[PDB]
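Have a look below at one chain only, the form deposited in one PDB entry, in structure tokens format.
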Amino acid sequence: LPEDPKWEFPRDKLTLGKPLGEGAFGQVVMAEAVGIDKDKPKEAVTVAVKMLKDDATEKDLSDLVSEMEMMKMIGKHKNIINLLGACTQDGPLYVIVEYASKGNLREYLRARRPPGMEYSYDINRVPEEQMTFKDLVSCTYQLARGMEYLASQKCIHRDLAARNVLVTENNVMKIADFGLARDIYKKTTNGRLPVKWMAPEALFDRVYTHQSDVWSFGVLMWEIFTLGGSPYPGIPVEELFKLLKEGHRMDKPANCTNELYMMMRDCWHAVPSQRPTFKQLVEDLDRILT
């Protein structure tokens, strides 16, 4: 792998830590980096490094490099997990990205559900108490702002879901895993069946567009206002195909205004060209915030 001084970070100044989780690209590990912020070059900063699992092929290795080199292309934004640097030449490939202390969004919302209406036993959070409606509309607004940035850079996400959203310690929403490569199932990875987030054109024809991500914004909105519900609850994958081309759609979440739910279904238009653009989603969510 060629050198890149603009992005290279020395492994001496990088100290690994406890693992965080795993994804389609490998595993992501907590870490600390000394001087990764050039402005404050004697400061330890908490970071997350993305690396391969101990059983990955080179197909998986080029797919880690090809996400890293795409993260350099699309720039930085407040509502995405940004790239900080990399370790290339010696040993394993580390990819250093921003750290979000409050974890991922789906389990953040599930932990803050009302008593007796939990998803699973797990552990609840009453220091966090419970979220308000205005709380919820700004999380999607932040994500619309972030999705409108990625769309403007001609980037397609292909798998936008609440589990792939991350929360910083100031409750900032950060879209993650947007540079992954596309390689043409019933395999639940990380607790989710990804086919339930796909637009019909990507589910039946395996074709993706910025409009297809708009379909996956709609489901994301449904996850948010149900505080982490699971879409199409308990429906077999074999039946979603038939149910989808029949015109059936998900029901209106409680504690959610009609105009938001009528915005939810316009993302689920059968024709991609008929779905809203990210630009008007940002216009409408801003107006609804006040």
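A residue's number is simply how far along the shown sequence it sits, counting from 1. The term rigid core refers to the maximal set of C-alpha atoms that superpose within 1.5 Å between the two forms.
One more form of this protein should be noted, the form deposited with a partner chain bound, which is absent from this view; the next part is about it.
S.K.: Answer for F217 alone: is it within 4.5 Å of the partner chain in the deposited bound form, judged on heavy atom distances?
M.R.: Output for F217 is no: heavy atoms all beyond 4.5 Å of the partner chain.
S.K.: Does at least one non-hydrogen atom of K174 fall within 4.5 angstroms of the partner chain in the deposited bound form?
M.R.: No, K174 is distant from the partner.
S.K.: Is the gap between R192 and the partner chain in the deposited bound form 4.5 Å or less for some heavy atom pair?
M.R.: Although the partner chain is absent here, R192 would touch it in the deposited bound form, with heavy atoms inside 4.5 Å.
S.K.: Would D159 sit within 4.5 Å of the partner chain in the deposited bound form, counting heavy atoms only?
M.R.: Contact check for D159: yes, within 4.5 Å of the partner chain in the deposited bound form.
S.K.: With the core superposed, find the residue in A161, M198, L193, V167 that moves its CA 2 Å or more between this form and the one not shown.
M.R.: By this measure, the answer is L193.
S.K.: Is it true that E22 shifts between this form and the one not shown by 2 Å or more at the Cα, once the core is aligned?
M.R.: Yes, because once the rigid core is superposed, the C-alpha of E22 moves 2 Å or more between this form and the one not shown.
S.K.: Relative to the form shown here, do the C-alpha atoms of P200 and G191 sit closer together or farther apart in the deposited bound form, given a change of 3 Å or more?
M.R.: Distance between the C-alphas of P200 and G191: shorter in the deposited bound form, by 3 Å or more.
S.K.: Given a change of 3 Å or more, say if the Cα atoms of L61 and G191 sit closer or farther in the deposited bound form than in this form.
M.R.: Compared with the form shown here, the C-alpha atoms of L61 and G191 sit closer together in the deposited bound form, by 3 Å or more.
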